[PDB]
$ cat final.pdb   # PDB, C-alpha atoms and all ligand atoms
ATOM      1  CA  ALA A 293     246.350 -18.156  86.294
ATOM      2  CA  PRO A 294     246.684 -15.418  88.936
ATOM      3  CA  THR A 295     247.584 -11.901  87.832
ATOM      4  CA  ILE A 296     250.547 -10.350  89.655
ATOM      5  CA  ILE A 297     250.982  -6.571  89.670
ATOM      6  CA  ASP A 298     253.434  -4.234  91.417
ATOM      7  CA  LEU A 299     255.941  -6.989  92.135
ATOM      8  CA  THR A 300     258.792  -5.787  94.361
ATOM      9  CA  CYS A 301     261.860  -7.690  95.577
ATOM     10  CA  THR A 302     263.750  -7.173  98.840
ATOM     11  CA  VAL A 303     266.601  -9.355 100.100
ATOM     12  CA  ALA A 304     266.416 -10.240 103.791
ATOM     13  CA  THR A 305     269.807 -11.928 104.259
ATOM     14  CA  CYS A 306     272.726 -12.805 101.994
ATOM     15  CA  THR A 307     275.659 -15.157 102.632
ATOM     16  CA  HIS A 308     277.518 -16.414  99.570
ATOM     17  CA  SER A 309     278.193 -19.921 100.846
ATOM     18  CA  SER A 310     277.942 -23.292  99.096
ATOM     19  CA  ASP A 311     274.350 -23.939 100.184
ATOM     20  CA  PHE A 312     271.290 -21.684  99.836
ATOM     21  CA  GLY A 313     272.583 -18.863 101.998
ATOM     22  CA  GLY A 314     270.227 -16.100 100.913
ATOM     23  CA  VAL A 315     266.579 -15.245 101.522
ATOM     24  CA  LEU A 316     264.479 -12.827  99.472
ATOM     25  CA  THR A 317     260.871 -11.709  99.823
ATOM     26  CA  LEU A 318     258.397 -10.587  97.158
ATOM     27  CA  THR A 319     255.457  -8.236  97.737
ATOM     28  CA  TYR A 320     252.674  -8.001  95.175
ATOM     29  CA  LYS A 321     248.986  -7.409  94.551
ATOM     30  CA  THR A 322     247.052 -10.409  93.244
ATOM     31  CA  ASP A 323     243.465 -11.153  92.243
ATOM     32  CA  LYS A 324     242.994 -14.825  93.125
ATOM     33  CA  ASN A 325     244.713 -17.684  94.945
ATOM     34  CA  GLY A 326     246.806 -19.887  92.675
ATOM     35  CA  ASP A 327     250.256 -21.238  91.825
ATOM     36  CA  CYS A 328     253.004 -19.219  90.135
ATOM     37  CA  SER A 329     256.371 -20.433  88.828
ATOM     38  CA  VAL A 330     259.503 -18.611  89.927
ATOM     39  CA  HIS A 331     262.713 -18.281  87.957
ATOM     40  CA  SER A 332     266.030 -16.444  88.090
ATOM     41  CA  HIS A 333     267.110 -15.024  84.748
ATOM     42  CA  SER A 334     270.814 -14.870  85.636
ATOM     43  CA  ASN A 335     273.160 -17.660  86.674
ATOM     44  CA  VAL A 336     274.690 -15.569  89.459
ATOM     45  CA  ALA A 337     271.828 -16.738  91.692
ATOM     46  CA  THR A 338     270.166 -20.159  91.871
ATOM     47  CA  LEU A 339     266.654 -20.417  93.277
ATOM     48  CA  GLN A 340     265.823 -23.466  95.373
ATOM     49  CA  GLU A 341     262.146 -23.635  94.372
TER      50      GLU A 341
ATOM     51  CA  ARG B 111     230.180 -20.627  98.732
ATOM     52  CA  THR B 112     229.660 -21.823  95.145
ATOM     53  CA  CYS B 113     233.070 -20.736  93.887
ATOM     54  CA  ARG B 114     234.800 -21.654  90.613
ATOM     55  CA  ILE B 115     234.767 -25.356  89.760
ATOM     56  CA  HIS B 116     238.555 -25.492  90.103
ATOM     57  CA  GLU B 117     238.481 -23.976  93.610
ATOM     58  CA  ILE B 118     236.763 -25.238  96.767
ATOM     59  CA  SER B 119     235.669 -23.104  99.713
ATOM     60  CA  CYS B 120     237.029 -23.351 103.248
ATOM     61  CA  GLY B 121     234.702 -21.245 105.371
ATOM     62  CA  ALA B 122     231.138 -20.409 106.319
ATOM     63  CA  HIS B 123     231.322 -16.769 107.431
ATOM     64  CA  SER B 124     234.229 -15.868 105.134
ATOM     65  CA  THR B 125     234.780 -15.877 101.376
ATOM     66  CA  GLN B 126     238.224 -17.245 100.498
ATOM     67  CA  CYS B 127     238.542 -19.674  97.586
ATOM     68  CA  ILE B 128     241.465 -22.078  97.187
ATOM     69  CA  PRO B 129     242.525 -24.468  94.442
ATOM     70  CA  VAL B 130     241.451 -28.066  94.890
ATOM     71  CA  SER B 131     245.068 -29.210  94.785
ATOM     72  CA  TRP B 132     245.721 -27.293  98.026
ATOM     73  CA  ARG B 133     243.252 -29.552  99.855
ATOM     74  CA  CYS B 134     244.934 -32.046 102.211
ATOM     75  CA  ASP B 135     248.562 -31.375 101.297
ATOM     76  CA  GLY B 136     249.985 -31.232 104.810
ATOM     77  CA  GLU B 137     250.037 -27.440 105.198
ATOM     78  CA  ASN B 138     247.310 -24.992 106.162
ATOM     79  CA  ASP B 139     245.939 -22.466 103.687
ATOM     80  CA  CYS B 140     242.766 -21.151 105.377
ATOM     81  CA  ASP B 141     242.150 -19.365 108.664
ATOM     82  CA  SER B 142     239.686 -22.124 109.530
ATOM     83  CA  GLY B 143     242.258 -24.797 108.821
ATOM     84  CA  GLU B 144     239.802 -27.305 107.381
ATOM     85  CA  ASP B 145     241.961 -27.973 104.323
ATOM     86  CA  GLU B 146     243.664 -30.604 106.498
ATOM     87  CA  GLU B 147     240.619 -32.087 108.255
ATOM     88  CA  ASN B 148     239.262 -35.523 107.306
ATOM     89  CA  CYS B 149     242.121 -36.719 105.119
TER      90      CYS B 149
ATOM     91  CA  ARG C 111     214.637  -7.741  99.486
ATOM     92  CA  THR C 112     212.018  -5.310  98.144
ATOM     93  CA  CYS C 113     213.808  -4.434  94.910
ATOM     94  CA  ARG C 114     212.393  -3.361  91.516
ATOM     95  CA  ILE C 115     209.674  -5.504  89.932
ATOM     96  CA  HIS C 116     211.907  -6.140  86.907
ATOM     97  CA  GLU C 117     214.469  -7.820  89.190
ATOM     98  CA  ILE C 118     214.656  -9.991  92.292
ATOM     99  CA  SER C 119     216.806  -9.980  95.422
ATOM    100  CA  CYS C 120     219.173 -12.877  96.057
ATOM    101  CA  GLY C 121     220.130 -12.294  99.674
ATOM    102  CA  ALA C 122     218.679 -11.891 103.161
ATOM    103  CA  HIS C 123     221.626 -10.586 105.193
ATOM    104  CA  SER C 124     223.086  -8.888 102.099
ATOM    105  CA  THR C 125     221.306  -6.960  99.347
ATOM    106  CA  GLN C 126     222.013  -7.879  95.722
ATOM    107  CA  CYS C 127     219.449  -7.172  93.007
ATOM    108  CA  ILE C 128     219.687  -9.364  89.909
ATOM    109  CA  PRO C 129     217.427  -9.327  86.829
ATOM    110  CA  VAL C 130     214.822 -12.075  86.644
ATOM    111  CA  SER C 131     216.548 -13.415  83.527
ATOM    112  CA  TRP C 132     219.511 -14.330  85.755
ATOM    113  CA  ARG C 133     217.233 -16.533  87.884
ATOM    114  CA  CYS C 134     217.928 -20.190  87.045
ATOM    115  CA  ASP C 135     220.009 -19.464  83.948
ATOM    116  CA  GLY C 136     222.550 -22.224  84.590
ATOM    117  CA  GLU C 137     225.086 -19.963  86.273
ATOM    118  CA  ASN C 138     225.593 -18.700  89.823
ATOM    119  CA  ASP C 139     224.861 -14.985  89.414
ATOM    120  CA  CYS C 140     225.053 -14.294  93.163
ATOM    121  CA  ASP C 141     227.531 -14.758  95.985
ATOM    122  CA  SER C 142     225.271 -17.463  97.437
ATOM    123  CA  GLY C 143     224.241 -19.945  94.763
ATOM    124  CA  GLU C 144     220.506 -19.577  95.373
ATOM    125  CA  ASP C 145     219.720 -18.683  91.758
ATOM    126  CA  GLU C 146     220.208 -22.321  90.696
ATOM    127  CA  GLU C 147     218.408 -23.928  93.656
ATOM    128  CA  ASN C 148     215.058 -25.709  93.303
ATOM    129  CA  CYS C 149     214.617 -24.899  89.621
TER     130      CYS C 149
HETATM  131 CA    CA D   1     246.313 -27.233 102.473
HETATM  132 CA    CA D   2     221.636 -17.720  87.855
END
$ encode --input "final.pdb" --output "structure tokens" --more "lines below"
Ligand SMILES: [Ca+2]
Ligand SMILES: [Ca+2]
Amino acid sequence: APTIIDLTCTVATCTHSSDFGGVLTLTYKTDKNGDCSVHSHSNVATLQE
Amino acid sequence: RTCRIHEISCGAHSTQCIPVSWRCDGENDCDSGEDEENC
Amino acid sequence: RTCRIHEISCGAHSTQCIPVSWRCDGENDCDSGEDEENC
């Protein structure tokens, strides 16, 4: 699996509506192209992917 | 060329390996967008 | 090319000296897989 280092999170927009009204972006340094699984560890926010 | 068995190459001048599963999945992943040629 | 006798060169445009033991050892020891060609 790819190795992710220096992960940083910045929120572009945020609207607390019924649908997915927020967008966030992650910047990182990796070593190879691959797939990673994303998760939110609080139920305040629900990822779409 | 001659990358890991899991990953295929998508260039001649450049070195940029991609997983096989990315090949022909309806979205580009290489500058020379040959992941989506000859599906 | 023109590396140490104990080793070979496995590139023309690019220089990369590898020991002779890495020549046809069943693994691609160079960026271009010309170690495992015409064994
Ligand atoms: Ca693709
Ligand atoms: Ca070899």
$ resolve_selection --input "final.pdb" --expression "the PyMOL selection byres (((not hetatm)) within 10 of (chain D and resi 2))" --output "NGL selection string"
:C and (120 or 128-140 or 143-147)
$ calpha_fit_and_write --input "final.pdb" --fixed "chain C" --moving "chain B" --output "PDB file with C-alpha atoms, in the coordinates of the input"
ATOM      1  CA  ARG B 111     214.497  -7.084  99.906  1.00  0.00           C
ATOM      2  CA  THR B 112     211.645  -5.442  97.973  1.00  0.00           C
ATOM      3  CA  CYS B 113     213.737  -4.480  94.958  1.00  0.00           C
ATOM      4  CA  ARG B 114     212.561  -3.283  91.532  1.00  0.00           C
ATOM      5  CA  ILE B 115     209.794  -5.363  89.965  1.00  0.00           C
ATOM      6  CA  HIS B 116     212.146  -6.422  87.166  1.00  0.00           C
ATOM      7  CA  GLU B 117     214.804  -7.666  89.614  1.00  0.00           C
ATOM      8  CA  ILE B 118     214.562 -10.352  92.305  1.00  0.00           C
ATOM      9  CA  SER B 119     216.717 -10.579  95.425  1.00  0.00           C
ATOM     10  CA  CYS B 120     219.142 -13.384  96.238  1.00  0.00           C
ATOM     11  CA  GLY B 121     220.131 -12.843  99.855  1.00  0.00           C
ATOM     12  CA  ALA B 122     218.997 -12.188 103.403  1.00  0.00           C
ATOM     13  CA  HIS B 123     221.944 -10.355 104.976  1.00  0.00           C
ATOM     14  CA  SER B 124     223.099  -8.734 101.724  1.00  0.00           C
ATOM     15  CA  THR B 125     221.546  -6.333  99.225  1.00  0.00           C
ATOM     16  CA  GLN B 126     222.310  -7.394  95.648  1.00  0.00           C
ATOM     17  CA  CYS B 127     219.523  -7.250  93.060  1.00  0.00           C
ATOM     18  CA  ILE B 128     219.565  -9.274  89.838  1.00  0.00           C
ATOM     19  CA  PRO B 129     217.329  -9.358  86.777  1.00  0.00           C
ATOM     20  CA  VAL B 130     214.656 -12.032  86.767  1.00  0.00           C
ATOM     21  CA  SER B 131     216.049 -13.482  83.549  1.00  0.00           C
ATOM     22  CA  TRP B 132     219.260 -14.401  85.407  1.00  0.00           C
ATOM     23  CA  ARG B 133     217.282 -16.768  87.648  1.00  0.00           C
ATOM     24  CA  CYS B 134     217.901 -20.460  86.880  1.00  0.00           C
ATOM     25  CA  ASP B 135     220.035 -20.068  83.758  1.00  0.00           C
ATOM     26  CA  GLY B 136     222.730 -22.591  84.629  1.00  0.00           C
ATOM     27  CA  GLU B 137     225.332 -20.139  85.952  1.00  0.00           C
ATOM     28  CA  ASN B 138     225.717 -18.500  89.347  1.00  0.00           C
ATOM     29  CA  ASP B 139     225.244 -14.766  89.818  1.00  0.00           C
ATOM     30  CA  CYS B 140     225.015 -14.339  93.615  1.00  0.00           C
ATOM     31  CA  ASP B 141     227.408 -15.137  96.445  1.00  0.00           C
ATOM     32  CA  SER B 142     224.638 -17.220  98.001  1.00  0.00           C
ATOM     33  CA  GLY B 143     224.146 -19.162  94.799  1.00  0.00           C
ATOM     34  CA  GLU B 144     220.386 -19.523  95.156  1.00  0.00           C
ATOM     35  CA  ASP B 145     219.731 -18.374  91.591  1.00  0.00           C
ATOM     36  CA  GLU B 146     220.187 -22.047  90.665  1.00  0.00           C
ATOM     37  CA  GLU B 147     218.314 -23.698  93.550  1.00  0.00           C
ATOM     38  CA  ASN B 148     214.875 -25.267  93.041  1.00  0.00           C
ATOM     39  CA  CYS B 149     214.743 -25.215  89.250  1.00  0.00           C
TER      40      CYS B 149
END
$ atom_distance --input "final.pdb" --atom1 "atom CA of residue B:119" --atom2 "atom CA of residue A:298"
27.2 Å
$ residues_around --input "final.pdb" --residues "residue C:111" --least-positions-apart "2" --cutoff "7 Å" --atoms "all atoms listed in the file" --output "CSV table (one decimal) with C-alpha atoms, keeping the file's coordinate frame"
chain,number,residue,atom,x,y,z
C,113,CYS,CA,213.8,-4.4,94.9
C,119,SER,CA,216.8,-10.0,95.4
C,122,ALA,CA,218.7,-11.9,103.2
C,125,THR,CA,221.3,-7.0,99.3
$ closest_residue --input "final.pdb" --among "B:121, B:142, B:126, B:116" --to "residue A:293" --atoms "all atoms listed in the file"
B:116
$ residues_around --input "final.pdb" --residues "residue A:303" --least-positions-apart "2" --cutoff "12 Å" --atoms "only C-alpha atoms" --output "NGL selection string"
:A and (300-301 or 305-307 or 313-319)
$ axis_aligned_box --input "final.pdb" --around "stretch 304-316 of chain A" --padding-each-side "5 Å" --output "JSON"
{"center_x": 271.3, "center_y": -17.1, "center_z": 101.7, "size_x": 23.7, "size_y": 23.7, "size_z": 15.2}
$ atom_distance --input "final.pdb" --atom1 "atom CA of residue A:296" --atom2 "atom CA of residue B:141"
22.7 Å
$ resolve_selection --input "final.pdb" --expression "the ChimeraX specification (/B :<9) & /A" --output "PDB file with C-alpha atoms, in the coordinates of the input"
ATOM      1  CA  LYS A 324     242.994 -14.825  93.125  1.00  0.00           C
ATOM      2  CA  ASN A 325     244.713 -17.684  94.945  1.00  0.00           C
ATOM      3  CA  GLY A 326     246.806 -19.887  92.675  1.00  0.00           C
ATOM      4  CA  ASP A 327     250.256 -21.238  91.825  1.00  0.00           C
TER       5      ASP A 327
END
$ resolve_selection --input "final.pdb" --expression "the PyMOL selection byres (((chain A and resi 323) around 7) and not hetatm)" --output "PyMOL selection string"
chain A and resi 294-295+322+324
